[PDB]
Amino acid sequence: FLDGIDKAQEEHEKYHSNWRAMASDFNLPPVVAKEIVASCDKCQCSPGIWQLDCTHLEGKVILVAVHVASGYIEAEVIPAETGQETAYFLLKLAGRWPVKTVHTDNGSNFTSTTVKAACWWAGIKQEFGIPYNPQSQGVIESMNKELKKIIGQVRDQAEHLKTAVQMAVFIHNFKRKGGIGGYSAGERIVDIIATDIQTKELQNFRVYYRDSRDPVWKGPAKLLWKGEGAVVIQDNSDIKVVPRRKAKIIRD
Amino acid sequence: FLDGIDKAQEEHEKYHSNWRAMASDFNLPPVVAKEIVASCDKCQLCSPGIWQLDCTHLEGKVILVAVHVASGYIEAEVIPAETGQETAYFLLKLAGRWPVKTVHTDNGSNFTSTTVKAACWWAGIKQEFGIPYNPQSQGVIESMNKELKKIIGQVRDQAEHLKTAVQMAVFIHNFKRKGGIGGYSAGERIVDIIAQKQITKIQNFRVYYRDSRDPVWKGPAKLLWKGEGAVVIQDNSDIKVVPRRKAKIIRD
Amino acid sequence: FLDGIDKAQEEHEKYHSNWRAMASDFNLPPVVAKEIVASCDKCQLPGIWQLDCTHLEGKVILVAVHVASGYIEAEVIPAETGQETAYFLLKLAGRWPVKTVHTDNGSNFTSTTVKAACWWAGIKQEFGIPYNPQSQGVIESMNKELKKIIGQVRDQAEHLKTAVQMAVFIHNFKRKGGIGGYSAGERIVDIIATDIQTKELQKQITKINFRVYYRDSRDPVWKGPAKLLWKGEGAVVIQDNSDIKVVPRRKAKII
Amino acid sequence: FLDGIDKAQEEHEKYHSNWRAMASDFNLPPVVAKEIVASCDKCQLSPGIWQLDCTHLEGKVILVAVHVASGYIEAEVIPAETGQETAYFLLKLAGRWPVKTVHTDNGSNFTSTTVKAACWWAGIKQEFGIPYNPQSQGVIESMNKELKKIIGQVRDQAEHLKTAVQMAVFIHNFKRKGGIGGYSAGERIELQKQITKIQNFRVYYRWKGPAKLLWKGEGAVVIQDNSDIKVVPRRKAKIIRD
Amino acid sequence: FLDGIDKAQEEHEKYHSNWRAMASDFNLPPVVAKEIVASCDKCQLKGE
Amino acid sequence: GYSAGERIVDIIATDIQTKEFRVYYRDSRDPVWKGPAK
């Protein structure tokens, strides 16, 4: 495993990624894997949802996007805060992935005409203001701070801070694997989108829910699932989880 | 006649069928079709996955014929010789076109040949020799043999070699002769008859866990059921429900 | 058109694609999509099949593929003459309802026999480079994968032709994959049943044909034919060259 | 799963299909599924393969990234043909997909050192010349022509190429669905960790020599000794870590 | 009737004879003669 | 043809059915909330 040890050490010389990742390069139990971090001086929901934000590191404007469900990053140093350039970058996000809804604030950096045209052409919905759960915004701001610490480290390696911003984007996409089972943002992204296509396909049995309180039976309800203790059904826009011994079964 | 009726007459001269096409597809009145068939000298007027096979001779040439019980969709090809090896090759060619599961023969020496058994194995085709155990196909196999012989009796004027005339007759009997229940050509009916996939579509569907608070936690769920206004997904050791607005579904 | 079809047309104006979306996602009948691409100045462009050849181990192998599902029909051909390709194309035409075929301009397809085969069976053929040779690249990649398959199966078959057939079947049924791990057979059957239902849907769509001849208003002359739009008791609405008119049924004739 | 194991092994005796398929017959995690290919004599043998190229249009330079395995095309307008911009674009590529090896046209702007530097610190390999598979060789130019044709219609709705290029890219990524069954390029576009976790254990069974451990189920312990796979009950063997 | 259909059409492009005239002259089933009239644009001159 | 008694039955039932809090409208477009709306 000396080759694996050398490879993991080089990886930390380049990436300083999570020790959970480096356990893979070591191909060794965690006890040694902690040593690379210990010795390291700088160390020791719908798939179509995205959010856009901004930060002002070192007097420059950095606009960052995150896929909420997986900790993915898409970022670019923007020359100016004008809505025209944000429109171009939102065009990029929309082209590269099937993005359905975007959560930003009400500011003119997003309510400008160009952004509205971008959403109109690409087919994206946007929210303007405070989301119902600003803890997600707090999480992405914490991610912004972690990217900033990352930058405070990488800037030893990049002559231009913009390039270090990109370097961080990639480090967090792939090298910094963690959470659940130590997975990179790329892995979660890919798993989520494959799940999404299989769920489009998933989206011959109908049920007459037997409302014994009348007593009466409901009409041609659909069977969204036949669990073990209950049988979900949908009735127009309402989804009523019926009792498993009080649901008729019609085979179509 | 109308351009459509003239085209139908030319299609008759091409395909030796009058009533089965223009009376049904071309909406010709029955009187005109009856007059045409009167003038036409060439117009003398179970367990899906179950096929027959048989051997026939004509003008010193051997023809192996594959039939379908469930709609009378007939495949055929001229054989160089009655030997078993050619029969095995033809049955091979059969296997890849439709999910053949069990065939019945006439216990002939060329069919009891070992190589036939070998092909039936490595393809996965079962042999049920003797006569079929359903009192419809027993005379139906010979009736469709007679039908093919009669079709060739008219086709032969447009082919000097049987090797092409046989395919001509096969196309006629597969599509240009439409009848039976509502006037469905054998090919159509077999489309219908052939029509685990849906289970395997959703086997690896994991879900980004959220809840009614609309969070960005995106826990490592497994999709259990979809529909009726929400989802049913397991959360580690427990079970909950989430509206469709959240709980993004991805492949594992 | 329907709100869905109007939305599809607006999405075309937004995205400059007609057939790839409304024919597949919006379940539009192929005739309407063809009419739209014909009218679409920005669109220069189940019955589609392609035929090709390969020269594995010094022998000629001619392979057909159904574009929409990854199906295979192949046979080791004794020679490259158009006579035998005519016989095999006869086989393809008999076995499935094949409407159009995409090959090259070579004499292996422009020979007289192939033209007679298309004439008898009712098949159209393209000769040359298709507008999207990436499909040809895909089928060539499939040819290479069949060749790797052969490099493996030839441990099992005494005659390479038989291994060619074995591969045909393996890819038809056993090698299920894509979308939800489906065999070429499953996709083929789904597509053709959907095609039957779309013929029925096209019939019911075109129902709502009718030539209407009518006496115009104050005009002694009868005109027509106009397209019928709506038929009440006593009156009809008619389309006479993009000019909607309302005519009492006493002054109209519906054929 | 012994029935599943036998079925997958027979399938390889007949088909030698992808181990990804055989994971289904096994109905088991990938660690065992790799073994059928590993033991297969005709087996035990490129997604992550992208092209890059430079194009010009109306006096503007456009760098285009393609994917061989589905024709999913990325692109962006470049301020100038210099190498540094190319390195920045390739950087931006690295973080979106696990790019592993790219091929170029040996141009001076691509043979520039900074391109090599970026390919290193990201971990991207360069295979210059022309691709060694006779599909992408004409496919790269065919998709270049496709992008040019798409722009030929897009241009009426964008006065600057910098936006028209992204318009064409979104069209070619999703709004053009075709190929096998009509799948848009975007749609078309753990086991090793388990293998690495267990490959440091040695098993002594019945005592016989050391064996490579493969699985540690609930009722058995599958091993591999002398290039042969033997199932033993759990109590009949001892597992130690080396 | 194949012979008579071609003749009745030629006579109809001159005379526009109604369907009974074509059926009597060219020995036609009433449905065929009616189809000849029906597909004439110059013979559609009466409402219901 | 309703005698006064029946009509008054009807009127008083209508009356009881007709017998049968301030809000901050949350303008998320800003996002912002409105004042003491009634």
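Residues 1148-1192, 1205-1367, 1369-1415, in that order, are what chain C shows, numbered as in Swiss-Prot.
Header lists the method as electron microscopy, 8.0 Å.
Note that Cβ sites are derived from N, Cα and C of the backbone, with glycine treated the same way.
Database features (Swiss-Prot):
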- C:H1159, C:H1163, C:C1187, C:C1190: Zn(2+) binding site (BINDING)
- C:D1211, C:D1263, C:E1299: Mg(2+) 3 binding site (BINDING)
- C:1150-1191: zinc finger (ZN_FING)
Nonlocal residues around C:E1299 (Mg(2+) 3 binding site), in sequence order (Cβ under 8 Å, 6 or more apart): C:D1211
Filtered binding-site residues - C:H1159, C:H1163, C:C1187, C:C1190, C:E1299 - keeping only those with Cβ under 8 Å from chain D: C:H1163, C:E1299
The zinc finger (C:1150-1191) - residue tally per DSSP class, helix then strand then coil: 27 helix, 0 strand, 15 coil
Residues that sit under 8 angstroms from C:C1187 (Zn(2+) binding site) by C-beta distance, when 6+ apart in the chain: C:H1159, C:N1165
C-beta crowding around C:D1263 (Mg(2+) 3 binding site), within 10 angstroms: 18
Number of other Cβ atoms within 10 Å of the Cβ of C:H1163 (Zn(2+) binding site) across all protein chains: 22
C:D1263 (Mg(2+) 3 binding site) and C:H1163 (Zn(2+) binding site), distance between Cα atoms, whole Å: 28
Other CB atoms within 10 A, centred on C:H1159 (Zn(2+) binding site): 21
C:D1211 (Mg(2+) 3 binding site) CB neighbourhood, other CB atoms within 10 A: 19
C-beta crowding around C:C1190 (Zn(2+) binding site), within 10 angstroms: 16
Alpha-carbon spacing, C:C1190 (Zn(2+) binding site) to C:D1263 (Mg(2+) 3 binding site), which is rounded to whole Å: 23
Residues flanking the Mg(2+) 3 site, with Cβ no more than 8 Å from the Cβ centroid of C:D1211, C:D1263, C:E1299 and excluding those residues themselves: C:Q1209, C:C1212, C:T1262, C:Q1295, C:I1298
